[PDB]
C-alpha cells in the first residue's frame, strides 16, 4: 500500500468536491519529505503547483507567532505569567492588569472576539480598542479563539526585545529557522511563486493588510518550507535558543474536550480518534467561547501526541499535523478555502496509514 496511493485517495475527493485549483501536500516520514502536487497556482498563468509555490497559510501563522513569543521568553523579554500591562503601560487600569501574557496567547483573556471590529484600522484605534475592552469572562476561564488576542501577544512579545514584530520575525526568527521561502510580505523576486486564492465566488484573491495581520494570519510560505518548520518541531533546530523556543510551544495550559491548548499548536493524545480530532477543530470549539478544564500549572506536552493547526484566508485553506514520536508530519496547502472537516478527514486517513 504505497504512500502515493494513500495520498491520492485522501486528496482526490477534496479536489473534486471543492473544485480546488491547486494543492501542495508534503509528508515527512522516516526523516525525508515527500511532495505531492496538484493543479495550478493561478488559473491565468502556466505555472503548476509545486512544493515551492507560496500559499497564504492564514491562522497557521499563529504557530510562528507563538514561536517568536517563546523566543522572547527565552531571551528574557517577559515571563508567560506576567500581567499584560507590565509590557503595555498604555493598558494600566484596564482588563489587562489581570490578564497574563499566556492567556493572550491561549485565547483565554476573557472574551476577546474572533476579529477586531471593522472600525479598528489604525494603531491608535487598536490601542483604544484594548483600553476600552470590557471582559465577558474572568481571566483564564474561557477559550474564545481570537485574532486580537494572539495578535496582541505577538506585538507585545516583540516589543519586549525592542523590535517591531515584522522585524523580529523576518530578521531573527525565520533566518535562524533557516526558512528562506517564508514571508510576511512576498518580495518582488518571489512573486512568480505566489499563488492566487480562489474565493467561494470563484474569484482570484490575495490577502490585504489589516491590524495585527502579521501576527494572526499573515505568513506566506511553501509546502517545502512549512514541512521544514514541522521537522524543526519534531527533531529540532541547531540554534539553542530557537530550540528552547520551539520546545516551549508544547506548553499546555488547559483542555477543551480532548484538545489541549498550547502556544500556537493545539494537541491531542496519539493515538487519537477521528471523532476527537474533528470535534476539536469544529465550529463548536473554533467560533464559540468554551469554558476550559484548567491545568493546575502549565505543563509541557509530550511526544506521543498529535499537534495541529488550521488556517484560512479569502481563497486559501491550510492544515498542518504532526506526531513527534512517530516522525510523521503532514502539510496540506490549497488555494481554495474548503471545509475544515474535510481537511481533517483527509489528513487523518494519511496519518493512520503512516502511523498505524
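Positions refer to the first chain, counted from 1.
Once the C-alpha B-factors are averaged per stretch, 194-202 and 113-121 rank with 113-121 first. Set 238-246 against 253-261 and average the Cα temperature factors; 238-246 ends up higher. Which of 222, 163, 149, 281 has the largest Cα B-factor in the deposited entry comes down to 163. Taking only the listed residues 267, 170, 233, 103, the entry reports the highest CA temperature factor at 170. When the modelled residues of the chain are ordered by their C-alpha B factor, residue 324 lands in the lowest third. Among all modelled residues in this chain, the alpha-carbon of residue 345 has a temperature factor (C-alpha) in the highest third.
Sort the modelled residues of the chain by CA B factor and residue 315 lands in the middle third. The PDB entry assigns residue 180 a C-alpha temperature factor belonging to the middle third of its chain's modelled residues.
Looking at the C-alpha B-factors along this chain, the one for residue 137 belongs to the highest third.
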